[PDB]
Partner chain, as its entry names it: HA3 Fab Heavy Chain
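In the form solved without its partner chain, a lone chain appears below as structure tokens.
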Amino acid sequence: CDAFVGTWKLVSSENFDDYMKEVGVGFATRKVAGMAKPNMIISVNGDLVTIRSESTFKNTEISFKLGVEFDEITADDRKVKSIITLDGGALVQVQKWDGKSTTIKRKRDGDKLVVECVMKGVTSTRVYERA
């Protein structure tokens, strides 16, 4: 996934608060998340891909092998089972917890990196540009 490597900064967000609402994130956390304009850092070392999100309030980091299910603790503190695959040039992530699931797709669009999150019909789109 060479096309994803680098540091990216958030440029725009659409329906993010609504997505967090469906996921079950609390008011305060949603408020903190909404003011945060995180920087996404993606790097690859061998068959391990690392995705790091940095914000003044909270940094998250996941390292994984494409196709292998792993444990992830989300920024809003959910302990989920995640699996990320490379499909059609996009990184497709599915998170499962308590009988529920959500999909997060990271894809290239022109010179931007677009992240789409889907939870029960509600879709959020966040656009990033290289920092």
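Residue numbers count along the first chain shown, from 1.
Although not depicted, the form deposited with its partner chain bound is the subject of the following passage.
### Message
Just checking whether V23 would be counted as a contact of its partner chain in the entry with it bound - the rule being heavy atoms within 4.5 angstroms.
### Response
Close contact exists here: in the entry with it bound, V23 approaches its partner chain to within 4.5 Å, heavy atoms only.
### Message
Taking its partner chain as it sits in the entry with it bound, is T29 near enough to touch it, meaning that at least one heavy atom pair lies within 4.5 angstroms?
### Response
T29: yes, in contact with its partner chain in the entry with it bound.
### Message
Considering non-hydrogen atoms and a 4.5 Å limit, does its partner chain approach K105 in the entry with it bound?
### Response
The answer is no: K105 has no heavy atom within 4.5 Å of its partner chain.
### Query
Is any part of 60-97 within 4.5 angstroms of its partner chain in the entry with it bound by a non-hydrogen atom, and which residues would that be?
Sequence-ordered list: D76, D77, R78, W97.
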